[PDB]
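Okay, structure first, notes after.
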Amino acid sequence: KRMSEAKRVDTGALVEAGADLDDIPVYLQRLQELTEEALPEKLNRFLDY
Amino acid sequence: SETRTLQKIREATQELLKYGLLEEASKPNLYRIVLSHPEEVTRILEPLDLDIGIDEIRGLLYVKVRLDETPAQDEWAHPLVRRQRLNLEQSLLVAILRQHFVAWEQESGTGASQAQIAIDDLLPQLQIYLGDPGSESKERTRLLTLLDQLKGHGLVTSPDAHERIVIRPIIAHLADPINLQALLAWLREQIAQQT
Amino acid sequence: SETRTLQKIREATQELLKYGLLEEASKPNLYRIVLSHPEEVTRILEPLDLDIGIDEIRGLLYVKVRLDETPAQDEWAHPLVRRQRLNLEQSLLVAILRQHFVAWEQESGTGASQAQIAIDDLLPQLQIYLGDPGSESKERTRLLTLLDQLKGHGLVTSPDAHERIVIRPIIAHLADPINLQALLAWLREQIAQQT
Amino acid sequence: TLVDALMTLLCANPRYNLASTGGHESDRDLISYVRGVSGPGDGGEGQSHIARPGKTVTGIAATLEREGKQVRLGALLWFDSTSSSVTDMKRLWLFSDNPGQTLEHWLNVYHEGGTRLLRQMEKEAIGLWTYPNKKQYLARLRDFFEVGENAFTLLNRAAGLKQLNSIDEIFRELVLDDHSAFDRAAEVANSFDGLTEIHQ
Amino acid sequence: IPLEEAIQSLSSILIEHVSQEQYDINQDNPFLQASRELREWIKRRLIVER
Amino acid sequence: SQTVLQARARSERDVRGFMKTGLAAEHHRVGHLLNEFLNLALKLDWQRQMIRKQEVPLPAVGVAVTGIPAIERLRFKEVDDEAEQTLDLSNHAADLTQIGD
Amino acid sequence: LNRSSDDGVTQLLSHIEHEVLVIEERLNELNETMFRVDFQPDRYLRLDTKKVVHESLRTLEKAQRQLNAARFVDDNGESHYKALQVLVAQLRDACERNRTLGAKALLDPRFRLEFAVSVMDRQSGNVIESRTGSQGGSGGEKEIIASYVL
Amino acid sequence: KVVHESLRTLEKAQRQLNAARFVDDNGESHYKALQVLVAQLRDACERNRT
Ligand code: BEF
């Protein structure tokens, strides 16, 4: 259920991933990516602008 | 009393509804407008039971039917869907195109826009399934008719001067794991019925 | 979760966009609801530059372009509303139907229930401008296909079991009814001059 | 009718028959003048009230003279069918300063040939201009008479308009040239789109 | 044989056999009948056009 | 000989181009399901028009809404006239003043 | 319910029709008074009138006709009462919203017919112009319409 | 000279943005003040006939 909602909110980065227990690593890696690299870089750019 | 949606938003959403989908490759000035105000576009499309579908990784936008507070039904039963339901022989070509698309995307990266394929490369592919009529003209006509019918759905452009087509990125969202699993489940039941 | 437009209003709006009109004669539940919530439908359509014009006398609602109030553009252009020019035979048939409708309204009053007209009555009149194509089997078939084509635009009902049609209210709101009169009279004068 | 013949040439969106209404509405259109509609018709199948129902042509010209110099405005409007709709009328707005150019000559040329003949004539003859749409012709009129685009609208609405009901409205809409900074405001608001995209 | 050239020759040859009613040979149009005959050959796999 | 050799070269190039595809997509997730599906497709009888005109349960994406039937959008036929021309531009000298008292 | 009857609405509709007929009859005298004068050199003005059947009245008639039928289907009279309720709802709704032209075109005789001036030919008796207002016209030609009809 | 309420409101928004630059958050206040200002101009352009 919750992976299917993460799919709904997602914006293209999880098109190659289903909602079964097999795909959990993809979701976890995406969350780690957002927490580590993408989010702080985007926030730095936004705060600079 | 009178309150109007911003003219830019009206123009962008009307174009989006007209073509069913919108890309940054062809219409950046509208794609950026739509992606910058997704809440307004979603609330504009909500009355028609339509919703936006965003993909920044590929610069794509497409409208899709809704089911909230009107569950089940059928996505193609919606009154405003103007085109017929997808046809099995078309789905076979869709699968082949998606396979080429995943190959090209995994070898190039998602940023590049030229997910092309040559027409001559598909004819052998279809020969295995649809059979061989012994006439290059007949099979080429068959393939071009299928590609046109897919263009009606927006998954492919028409052949260019070099007999090459561009697989529109919308295909990646049409055939993704959630839908491929359902298609496989349906096809296995069809085969079991054939037994 | 979030607020959703009332199911009945969504159904009415989708129907109104699909067919281009509602009528109390054949869809009372939606037609009355739309009249009881005009501010909701007009708010739903305004983002798309569409707006309902209502004809209470004849019990009709129809969509129309909501573009600006006589802007620098002397003629409107809309992305979704694709304009058409009916071929000659369709124009003649529409003119005949329009004058029949106006003549009937002159007697029974505006919005009076239209009298059913038989197919046999129209062929002699189309003959006045198209001659005899070669057989009854041909002329009747042509008239039937023309009526079916017009039903798509909503001007006439389907021929009932006894081969009579009824003229829909929407005919009164054509874009330029003066054109029908002019062309019809001009062709009539042509045939009268050549005979 | 004679006055509106000139007002059509001078103005961009003229108010036909303004004087009779008192000044607050126009109740005719160029189509009805071209067709010579004589009224609302008998209300039925009749067509006796319309004077030129079939293919027709129409022309108007005005000659202005200072110190012997002649500048002759003009306009040609014609239909190719019974259609009496704005999209089916075909126009040709003429400006000229050659004494030899006259309405009769233009009509003769048209009777000899359509738009192509007049376009060729434009090249053949000196001191003549043509424009297939009214905006360019009115721009030529402006740059000739050295006035803002509001001057001729003022003239047309001064043909009638005996009331002068609100001086503020008159001076805001009919006299002072448009200098609103809406374009500048749109440009300024667009300056922050880069910020909005990043924030989104 | 180029296909268009083949149609011409086949129609000319077929014109000679119109008298053989034993196989129900008609006379409406030799060119269209030649095209139909070539299609029938192609699908029956006697000839392949490439 | 030349024709046969060219045909062989074309076919070999076409198959070599196909083999590279699939190799680069065997263990991609959607590629795996696509291979599964393509394997199943062989069993079907593609000769039967009814079979290859079934309707699959794929979703509706890119749903275009257009051609709203606004009644205003209709225009009527412009039948042209070519019989003659109205050349008359006489001076209308009948305009001599004769007006009521 | 057996003792009940539908006479209530039909009498009201007959009364409204009688009022409309009275209005038309009164205008018929004004037309004859007009005939004696010349609106133009050989034209005499006349006041014409069409009838307006608003969707409200058509719906009321449909409900009444369905009420007539529902009396002969027996479910303890439930269907008949439901039809009567649907019919009474229209009257009540029109009563509360008497200020909207929709109810006016049902209960108000003045709104049951539309008016329009017509110029008649003195010799042939045919119509030359149908004029629902005074749009167009020259002025003086507009003022004469105004003064005559006033 | 007449100053309409709209210009007064825009001036007030200008001052509010000027003051809000200094609040210590990650733009959730400065950006809001900037956009509530730009919205006035967007509305003015949209309804330029009012
Ligand atoms: F007689 Be018009 F009103 F100038």
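Identifiers for the structure tokens are assigned positionally: chains receive A, B, ... in sequence, residues are indexed from 1 per chain, and ligands are indexed from 1 in the order shown.
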Where does chain F meet chain E within 12 Å, residue by residue, with the nearest atom pair and distance in Å to one decimal for each, counting only C-alpha atoms, listed by chain and rising number, as JSON lines?
{"residue": "F:3", "atom": "CA", "partner": "E:50", "partner_atom": "CA", "distance": 10.8}
{"residue": "F:4", "atom": "CA", "partner": "E:50", "partner_atom": "CA", "distance": 11.8}
{"residue": "F:7", "atom": "CA", "partner": "E:50", "partner_atom": "CA", "distance": 10.1}
- Cut-off 8 Å, only C-alpha atoms and all ligand atoms, neighbours of ligand 1 as a ChimeraX atom specification: /D:17,19-20 /G:138-140
- Task: Determine the nearest neighbour of residue 48 (chain C) from the options B:171, B:12, B:65, B:80, counting only C-alpha atoms.
- Result: B:12
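In this model, the gap between CA of residue 157 (chain B) and CA of residue 55 (chain F) comes to 22.7 Å.
Every chain H residue lying within 10 Å of chain A, based on only C-alpha atoms, is listed here: residues 26, 27 and 31 of chain H.
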- Query: How many Å lie between CA of residue 14 (chain E) and CA of residue 137 (chain B), rounded to one decimal?
  - Reply: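 According to the coordinates, CA of residue 14 (chain E) and CA of residue 137 (chain B) are separated by 24.2 Å.
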- Message: I'd like the neighbourhood of residue 27 (chain B) as a PyMOL selection string, where a residue qualifies if any of its atoms comes within 12 Å (using only C-alpha atoms), though same-chain residues fewer than 3 positions away should be ignored.
- Response: chain B and resi 12+15-16+19+21-24+30-34+59-61
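You will find CA of residue 68 (chain C) at 24.0 Å from CA of residue 42 (chain B).
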- Message: Just want the 7 Å neighbourhood of residue 45 (chain G), counted on only C-alpha atoms, with same-chain residues fewer than 3 positions away dropped. Output as a ChimeraX atom specification.
- Response: /G:34-35,39,118-120
- Filtered DSSP result for chain C, state helix (DSSP H, G or I), as number ranges by chain: C: 7-19, 28-36, 38-48, 88-108, 119-130, 136-153, 169-173, 177-194
- Query: Near residue 90 (chain D), counting only C-alpha atoms, which residues have an atom at most 10 Å away, once you skip same-chain residues fewer than 5 positions from it, shown as a ChimeraX atom specification?
  - Reply: /D:57,76-80,115,132-133
Using N, CA, C and O atoms, can you write the selected residues to a file as a PDB file, in the first residue's frame?
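Result written to again12.pdb:
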ATOM      1  N   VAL D  57     -19.009  43.452 -54.965  1.00  0.00           N
ATOM      2  CA  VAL D  57     -17.816  44.216 -54.626  1.00  0.00           C
ATOM      3  C   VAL D  57     -18.264  45.592 -54.156  1.00  0.00           C
ATOM      4  O   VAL D  57     -19.349  46.058 -54.521  1.00  0.00           O
ATOM      5  N   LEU D  76     -11.350  48.382 -50.506  1.00  0.00           N
ATOM      6  CA  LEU D  76     -12.117  47.478 -51.347  1.00  0.00           C
ATOM      7  C   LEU D  76     -12.534  46.268 -50.527  1.00  0.00           C
ATOM      8  O   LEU D  76     -11.718  45.677 -49.815  1.00  0.00           O
ATOM      9  N   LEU D  77     -13.807  45.907 -50.634  1.00  0.00           N
ATOM     10  CA  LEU D  77     -14.379  44.796 -49.892  1.00  0.00           C
ATOM     11  C   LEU D  77     -15.285  44.024 -50.831  1.00  0.00           C
ATOM     12  O   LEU D  77     -16.134  44.616 -51.499  1.00  0.00           O
ATOM     13  N   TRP D  78     -15.114  42.707 -50.887  1.00  0.00           N
ATOM     14  CA  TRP D  78     -15.912  41.916 -51.809  1.00  0.00           C
ATOM     15  C   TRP D  78     -16.156  40.539 -51.219  1.00  0.00           C
ATOM     16  O   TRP D  78     -15.394  40.056 -50.378  1.00  0.00           O
ATOM     17  N   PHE D  79     -17.231  39.911 -51.685  1.00  0.00           N
ATOM     18  CA  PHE D  79     -17.572  38.542 -51.337  1.00  0.00           C
ATOM     19  C   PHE D  79     -17.472  37.678 -52.581  1.00  0.00           C
ATOM     20  O   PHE D  79     -17.604  38.175 -53.702  1.00  0.00           O
ATOM     21  N   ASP D  80     -17.236  36.388 -52.379  1.00  0.00           N
ATOM     22  CA  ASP D  80     -17.229  35.423 -53.468  1.00  0.00           C
ATOM     23  C   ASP D  80     -18.412  34.466 -53.413  1.00  0.00           C
ATOM     24  O   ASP D  80     -18.438  33.497 -54.175  1.00  0.00           O
ATOM     25  N   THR D 115      -6.932  40.005 -56.402  1.00  0.00           N
ATOM     26  CA  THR D 115      -5.913  40.645 -55.579  1.00  0.00           C
ATOM     27  C   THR D 115      -4.561  40.666 -56.279  1.00  0.00           C
ATOM     28  O   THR D 115      -3.789  41.617 -56.123  1.00  0.00           O
ATOM     29  N   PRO D 132      -3.210  44.050 -46.981  1.00  0.00           N
ATOM     30  CA  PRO D 132      -4.336  43.109 -46.930  1.00  0.00           C
ATOM     31  C   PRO D 132      -5.117  43.140 -45.629  1.00  0.00           C
ATOM     32  O   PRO D 132      -6.211  42.564 -45.576  1.00  0.00           O
ATOM     33  N   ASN D 133      -4.599  43.781 -44.585  1.00  0.00           N
ATOM     34  CA  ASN D 133      -5.292  43.871 -43.309  1.00  0.00           C
ATOM     35  C   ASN D 133      -5.216  45.303 -42.802  1.00  0.00           C
ATOM     36  O   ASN D 133      -4.323  46.068 -43.170  1.00  0.00           O
TER      37      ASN D 133
END
- Query: Looking at B:1, B:84, B:13, B:193, which one is nearest to chain C, with distances taken over only C-alpha atoms?
  - Reply: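 Using only C-alpha atoms, the shortest distance to chain C belongs to B:13.
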- Would you mind listing what lies within 9 Å of residue 26 (chain A) as a PyMOL selection string, with only C-alpha atoms counted and same-chain residues fewer than 5 positions away left out? chain A and resi 14+17+31
- Apply DSSP to the backbone of this structure and, from chain D, keep only the residues in strand (DSSP E or B); write these as a PyMOL selection string. chain D and resi 56-66+69-79+81+90-96+128-131
- Counting only C-alpha atoms, chain G residues within 10 Å of chain D, as an NGL selection string: :G and (118-120 or 126-143)
How would the residues just picked look written out with N, CA, C and O atoms as a PDB file, in the first residue's frame?
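Result file follows (result_22.pdb):
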ATOM      1  N   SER G 118     -44.912  45.231 -36.617  1.00  0.00           N
ATOM      2  CA  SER G 118     -44.838  44.823 -38.012  1.00  0.00           C
ATOM      3  C   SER G 118     -45.439  45.908 -38.890  1.00  0.00           C
ATOM      4  O   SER G 118     -46.518  46.427 -38.597  1.00  0.00           O
ATOM      5  N   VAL G 119     -44.741  46.238 -39.973  1.00  0.00           N
ATOM      6  CA  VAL G 119     -45.192  47.236 -40.935  1.00  0.00           C
ATOM      7  C   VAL G 119     -45.920  46.512 -42.056  1.00  0.00           C
ATOM      8  O   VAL G 119     -45.339  45.652 -42.729  1.00  0.00           O
ATOM      9  N   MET G 120     -47.182  46.862 -42.269  1.00  0.00           N
ATOM     10  CA  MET G 120     -48.020  46.200 -43.255  1.00  0.00           C
ATOM     11  C   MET G 120     -48.117  47.047 -44.512  1.00  0.00           C
ATOM     12  O   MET G 120     -48.021  48.276 -44.456  1.00  0.00           O
ATOM     13  N   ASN G 126     -49.369  42.454 -47.191  1.00  0.00           N
ATOM     14  CA  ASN G 126     -48.248  41.620 -46.796  1.00  0.00           C
ATOM     15  C   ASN G 126     -47.363  42.350 -45.791  1.00  0.00           C
ATOM     16  O   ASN G 126     -47.523  43.544 -45.533  1.00  0.00           O
ATOM     17  N   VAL G 127     -46.420  41.612 -45.223  1.00  0.00           N
ATOM     18  CA  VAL G 127     -45.469  42.181 -44.276  1.00  0.00           C
ATOM     19  C   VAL G 127     -44.230  42.645 -45.025  1.00  0.00           C
ATOM     20  O   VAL G 127     -43.702  41.932 -45.887  1.00  0.00           O
ATOM     21  N   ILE G 128     -43.764  43.846 -44.702  1.00  0.00           N
ATOM     22  CA  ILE G 128     -42.519  44.368 -45.245  1.00  0.00           C
ATOM     23  C   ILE G 128     -41.388  44.273 -44.232  1.00  0.00           C
ATOM     24  O   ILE G 128     -40.261  43.927 -44.589  1.00  0.00           O
ATOM     25  N   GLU G 129     -41.669  44.577 -42.966  1.00  0.00           N
ATOM     26  CA  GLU G 129     -40.662  44.570 -41.917  1.00  0.00           C
ATOM     27  C   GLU G 129     -41.247  44.009 -40.631  1.00  0.00           C
ATOM     28  O   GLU G 129     -42.350  44.383 -40.223  1.00  0.00           O
ATOM     29  N   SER G 130     -40.500  43.111 -39.999  1.00  0.00           N
ATOM     30  CA  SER G 130     -40.771  42.650 -38.645  1.00  0.00           C
ATOM     31  C   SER G 130     -39.703  43.243 -37.744  1.00  0.00           C
ATOM     32  O   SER G 130     -38.509  43.122 -38.030  1.00  0.00           O
ATOM     33  N   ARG G 131     -40.129  43.878 -36.658  1.00  0.00           N
ATOM     34  CA  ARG G 131     -39.267  44.751 -35.867  1.00  0.00           C
ATOM     35  C   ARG G 131     -39.551  44.503 -34.391  1.00  0.00           C
ATOM     36  O   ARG G 131     -40.477  45.092 -33.828  1.00  0.00           O
ATOM     37  N   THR G 132     -38.756  43.642 -33.762  1.00  0.00           N
ATOM     38  CA  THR G 132     -38.938  43.370 -32.344  1.00  0.00           C
ATOM     39  C   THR G 132     -38.448  44.506 -31.461  1.00  0.00           C
ATOM     40  O   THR G 132     -38.777  44.528 -30.271  1.00  0.00           O
ATOM     41  N   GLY G 133     -37.672  45.437 -32.003  1.00  0.00           N
ATOM     42  CA  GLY G 133     -37.197  46.569 -31.234  1.00  0.00           C
ATOM     43  C   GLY G 133     -37.149  47.831 -32.064  1.00  0.00           C
ATOM     44  O   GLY G 133     -38.113  48.158 -32.758  1.00  0.00           O
ATOM     45  N   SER G 134     -36.043  48.566 -31.982  1.00  0.00           N
ATOM     46  CA  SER G 134     -35.835  49.719 -32.845  1.00  0.00           C
ATOM     47  C   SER G 134     -34.386  49.792 -33.300  1.00  0.00           C
ATOM     48  O   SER G 134     -33.913  50.858 -33.701  1.00  0.00           O
ATOM     49  N   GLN G 135     -33.674  48.672 -33.239  1.00  0.00           N
ATOM     50  CA  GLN G 135     -32.273  48.665 -33.630  1.00  0.00           C
ATOM     51  C   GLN G 135     -32.143  48.910 -35.125  1.00  0.00           C
ATOM     52  O   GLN G 135     -33.092  48.730 -35.892  1.00  0.00           O
ATOM     53  N   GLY G 136     -30.955  49.331 -35.539  1.00  0.00           N
ATOM     54  CA  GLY G 136     -30.829  49.804 -36.893  1.00  0.00           C
ATOM     55  C   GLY G 136     -31.549  51.135 -37.018  1.00  0.00           C
ATOM     56  O   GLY G 136     -31.552  51.965 -36.109  1.00  0.00           O
ATOM     57  N   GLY G 137     -32.171  51.335 -38.173  1.00  0.00           N
ATOM     58  CA  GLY G 137     -32.945  52.541 -38.378  1.00  0.00           C
ATOM     59  C   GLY G 137     -32.069  53.773 -38.412  1.00  0.00           C
ATOM     60  O   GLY G 137     -30.924  53.738 -37.960  1.00  0.00           O
ATOM     61  N   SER G 138     -32.602  54.874 -38.931  1.00  0.00           N
ATOM     62  CA  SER G 138     -31.798  56.062 -39.167  1.00  0.00           C
ATOM     63  C   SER G 138     -31.817  57.048 -38.012  1.00  0.00           C
ATOM     64  O   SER G 138     -30.837  57.773 -37.814  1.00  0.00           O
ATOM     65  N   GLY G 139     -32.893  57.092 -37.243  1.00  0.00           N
ATOM     66  CA  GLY G 139     -33.112  58.205 -36.345  1.00  0.00           C
ATOM     67  C   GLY G 139     -34.080  59.155 -37.007  1.00  0.00           C
ATOM     68  O   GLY G 139     -33.773  59.736 -38.050  1.00  0.00           O
ATOM     69  N   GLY G 140     -35.253  59.322 -36.414  1.00  0.00           N
ATOM     70  CA  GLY G 140     -36.379  59.865 -37.142  1.00  0.00           C
ATOM     71  C   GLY G 140     -37.184  58.711 -37.690  1.00  0.00           C
ATOM     72  O   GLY G 140     -38.400  58.639 -37.504  1.00  0.00           O
ATOM     73  N   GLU G 141     -36.505  57.795 -38.381  1.00  0.00           N
ATOM     74  CA  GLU G 141     -37.090  56.490 -38.645  1.00  0.00           C
ATOM     75  C   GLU G 141     -37.143  55.650 -37.380  1.00  0.00           C
ATOM     76  O   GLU G 141     -38.040  54.817 -37.236  1.00  0.00           O
ATOM     77  N   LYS G 142     -36.177  55.831 -36.483  1.00  0.00           N
ATOM     78  CA  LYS G 142     -36.207  55.248 -35.151  1.00  0.00           C
ATOM     79  C   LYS G 142     -37.170  55.973 -34.224  1.00  0.00           C
ATOM     80  O   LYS G 142     -37.929  55.322 -33.490  1.00  0.00           O
ATOM     81  N   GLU G 143     -37.167  57.301 -34.257  1.00  0.00           N
ATOM     82  CA  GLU G 143     -38.079  58.090 -33.445  1.00  0.00           C
ATOM     83  C   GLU G 143     -39.533  57.871 -33.818  1.00  0.00           C
ATOM     84  O   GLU G 143     -40.397  57.928 -32.941  1.00  0.00           O
TER      85      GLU G 143
END
- Task: For residue 35 (chain E), work out the shell of residues within 10 Å, counting only C-alpha atoms and skipping chain neighbours fewer than 5 positions away, then give it as a ChimeraX atom specification.
- Result: /E:3-4,6-8,10-11,30,40-41
File of the preceding selection, N, CA and C atoms, as a PDB file, in the first residue's frame:
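To be explicit, this is the file written out as selection00.pdb:
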ATOM      1  N   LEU E   3       7.768  -4.959 -60.344  1.00  0.00           N
ATOM      2  CA  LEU E   3       6.365  -5.335 -60.200  1.00  0.00           C
ATOM      3  C   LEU E   3       5.480  -4.637 -61.222  1.00  0.00           C
ATOM      4  N   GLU E   4       5.686  -3.339 -61.445  1.00  0.00           N
ATOM      5  CA  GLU E   4       4.854  -2.624 -62.407  1.00  0.00           C
ATOM      6  C   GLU E   4       5.007  -3.210 -63.805  1.00  0.00           C
ATOM      7  N   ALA E   6       5.802  -6.260 -64.429  1.00  0.00           N
ATOM      8  CA  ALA E   6       5.188  -7.579 -64.399  1.00  0.00           C
ATOM      9  C   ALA E   6       3.690  -7.485 -64.643  1.00  0.00           C
ATOM     10  N   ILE E   7       3.043  -6.471 -64.068  1.00  0.00           N
ATOM     11  CA  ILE E   7       1.602  -6.323 -64.239  1.00  0.00           C
ATOM     12  C   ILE E   7       1.257  -6.153 -65.710  1.00  0.00           C
ATOM     13  N   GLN E   8       2.020  -5.322 -66.421  1.00  0.00           N
ATOM     14  CA  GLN E   8       1.746  -5.085 -67.835  1.00  0.00           C
ATOM     15  C   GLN E   8       1.811  -6.385 -68.629  1.00  0.00           C
ATOM     16  N   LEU E  10       1.726  -9.496 -67.589  1.00  0.00           N
ATOM     17  CA  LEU E  10       0.742 -10.480 -67.159  1.00  0.00           C
ATOM     18  C   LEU E  10      -0.643 -10.139 -67.686  1.00  0.00           C
ATOM     19  N   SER E  11      -1.011  -8.856 -67.682  1.00  0.00           N
ATOM     20  CA  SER E  11      -2.300  -8.469 -68.241  1.00  0.00           C
ATOM     21  C   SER E  11      -2.353  -8.735 -69.738  1.00  0.00           C
ATOM     22  N   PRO E  30      -8.379  -6.090 -67.652  1.00  0.00           N
ATOM     23  CA  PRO E  30      -7.216  -6.985 -67.564  1.00  0.00           C
ATOM     24  C   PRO E  30      -6.193  -6.549 -66.531  1.00  0.00           C
ATOM     25  N   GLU E  40      -2.543 -13.283 -55.665  1.00  0.00           N
ATOM     26  CA  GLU E  40      -2.855 -14.678 -55.379  1.00  0.00           C
ATOM     27  C   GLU E  40      -1.602 -15.541 -55.458  1.00  0.00           C
ATOM     28  N   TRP E  41      -0.774 -15.321 -56.479  1.00  0.00           N
ATOM     29  CA  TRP E  41       0.488 -16.048 -56.548  1.00  0.00           C
ATOM     30  C   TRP E  41       1.348 -15.762 -55.329  1.00  0.00           C
TER      31      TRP E  41
END
- Task: Could the residues of chain D within 12 Å of chain A, counting only C-alpha atoms, be given as a PyMOL selection string, please?
- Result: chain D and resi 191-200
For those residues, write N, CA and C atoms to a file as a compact mmCIF listing (two decimals), in the first residue's frame.
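Below is the file that was written, again-v2.txt:
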# COMPACT_ATOMS: atom_id res chain seq x y z
N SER D 191 10.48 38.01 -14.03
CA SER D 191 11.85 37.97 -13.53
C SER D 191 12.02 36.96 -12.41
N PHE D 192 10.95 36.64 -11.69
CA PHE D 192 11.03 35.73 -10.56
C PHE D 192 10.65 34.30 -10.91
N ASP D 193 10.38 34.00 -12.18
CA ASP D 193 10.06 32.62 -12.55
C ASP D 193 11.22 31.69 -12.25
N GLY D 194 12.45 32.16 -12.43
CA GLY D 194 13.59 31.34 -12.05
C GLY D 194 13.57 30.94 -10.59
N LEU D 195 13.18 31.86 -9.72
CA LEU D 195 13.05 31.53 -8.30
C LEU D 195 11.93 30.54 -8.07
N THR D 196 10.79 30.75 -8.74
CA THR D 196 9.63 29.90 -8.50
C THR D 196 9.90 28.46 -8.92
N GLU D 197 10.57 28.28 -10.06
CA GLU D 197 10.87 26.92 -10.51
C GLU D 197 11.76 26.20 -9.52
N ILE D 198 12.79 26.89 -9.01
CA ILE D 198 13.70 26.27 -8.06
C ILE D 198 12.97 25.94 -6.76
N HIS D 199 12.13 26.86 -6.28
CA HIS D 199 11.39 26.59 -5.06
C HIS D 199 10.46 25.41 -5.24
N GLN D 200 9.80 25.31 -6.39
CA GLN D 200 8.94 24.16 -6.65
C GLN D 200 9.75 22.87 -6.67
Could you make a table, as JSON lines, of the residues of chain C that have an atom within 8 Å of an atom of chain G, each with its nearest atom pair and distance in Å to one decimal, counting only C-alpha atoms, in chain and number order?
{"residue": "C:56", "atom": "CA", "partner": "G:55", "partner_atom": "CA", "distance": 6.6}
{"residue": "C:57", "atom": "CA", "partner": "G:54", "partner_atom": "CA", "distance": 4.6}
{"residue": "C:58", "atom": "CA", "partner": "G:55", "partner_atom": "CA", "distance": 6.0}
{"residue": "C:59", "atom": "CA", "partner": "G:55", "partner_atom": "CA", "distance": 5.5}
{"residue": "C:106", "atom": "CA", "partner": "G:50", "partner_atom": "CA", "distance": 7.0}
{"residue": "C:107", "atom": "CA", "partner": "G:50", "partner_atom": "CA", "distance": 7.6}
{"residue": "C:108", "atom": "CA", "partner": "G:51", "partner_atom": "CA", "distance": 7.0}
{"residue": "C:109", "atom": "CA", "partner": "G:51", "partner_atom": "CA", "distance": 4.4}
{"residue": "C:110", "atom": "CA", "partner": "G:52", "partner_atom": "CA", "distance": 5.1}
{"residue": "C:111", "atom": "CA", "partner": "G:53", "partner_atom": "CA", "distance": 5.8}
{"residue": "C:112", "atom": "CA", "partner": "G:53", "partner_atom": "CA", "distance": 5.9}
Go ahead and write the residues just picked, N, CA, C and O atoms, as a JSON list (two decimals), in the first residue's frame.
[["chain", "number", "residue", "atom", "x", "y", "z"],
["C", 56, "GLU", "N", -33.62, 29.07, -21.42],
["C", 56, "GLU", "CA", -34.66, 28.55, -20.54],
["C", 56, "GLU", "C", -35.95, 28.27, -21.30],
["C", 56, "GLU", "O", -36.67, 27.33, -20.95],
["C", 57, "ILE", "N", -36.25, 29.05, -22.33],
["C", 57, "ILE", "CA", -37.52, 28.89, -23.03],
["C", 57, "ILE", "C", -37.60, 27.51, -23.67],
["C", 57, "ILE", "O", -38.61, 26.81, -23.57],
["C", 58, "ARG", "N", -36.52, 27.09, -24.35],
["C", 58, "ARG", "CA", -36.52, 25.81, -25.04],
["C", 58, "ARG", "C", -35.94, 24.69, -24.20],
["C", 58, "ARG", "O", -35.85, 23.55, -24.68],
["C", 59, "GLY", "N", -35.53, 24.96, -22.96],
["C", 59, "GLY", "CA", -34.99, 23.92, -22.11],
["C", 59, "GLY", "C", -33.72, 23.33, -22.69],
["C", 59, "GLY", "O", -33.71, 22.17, -23.10],
["C", 106, "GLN", "N", -43.40, 29.80, -35.50],
["C", 106, "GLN", "CA", -44.26, 30.95, -35.77],
["C", 106, "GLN", "C", -45.70, 30.69, -35.36],
["C", 106, "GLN", "O", -46.41, 31.61, -34.95],
["C", 107, "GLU", "N", -46.14, 29.44, -35.46],
["C", 107, "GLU", "CA", -47.53, 29.10, -35.14],
["C", 107, "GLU", "C", -47.70, 28.70, -33.68],
["C", 107, "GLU", "O", -48.45, 29.34, -32.94],
["C", 108, "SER", "N", -47.02, 27.64, -33.25],
["C", 108, "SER", "CA", -47.20, 27.09, -31.91],
["C", 108, "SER", "C", -46.50, 27.90, -30.83],
["C", 108, "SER", "O", -46.74, 27.65, -29.65],
["C", 109, "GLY", "N", -45.65, 28.84, -31.20],
["C", 109, "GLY", "CA", -44.94, 29.66, -30.24],
["C", 109, "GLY", "C", -43.52, 29.19, -30.02],
["C", 109, "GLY", "O", -43.13, 28.07, -30.38],
["C", 110, "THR", "N", -42.72, 30.06, -29.40],
["C", 110, "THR", "CA", -41.32, 29.73, -29.14],
["C", 110, "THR", "C", -41.23, 28.60, -28.13],
["C", 110, "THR", "O", -41.86, 28.65, -27.06],
["C", 111, "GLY", "N", -40.44, 27.58, -28.45],
["C", 111, "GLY", "CA", -40.25, 26.47, -27.54],
["C", 111, "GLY", "C", -41.36, 25.44, -27.55],
["C", 111, "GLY", "O", -41.35, 24.55, -26.70],
["C", 112, "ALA", "N", -42.31, 25.53, -28.47],
["C", 112, "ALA", "CA", -43.36, 24.53, -28.54],
["C", 112, "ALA", "C", -42.80, 23.20, -29.00],
["C", 112, "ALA", "O", -41.83, 23.13, -29.76]]
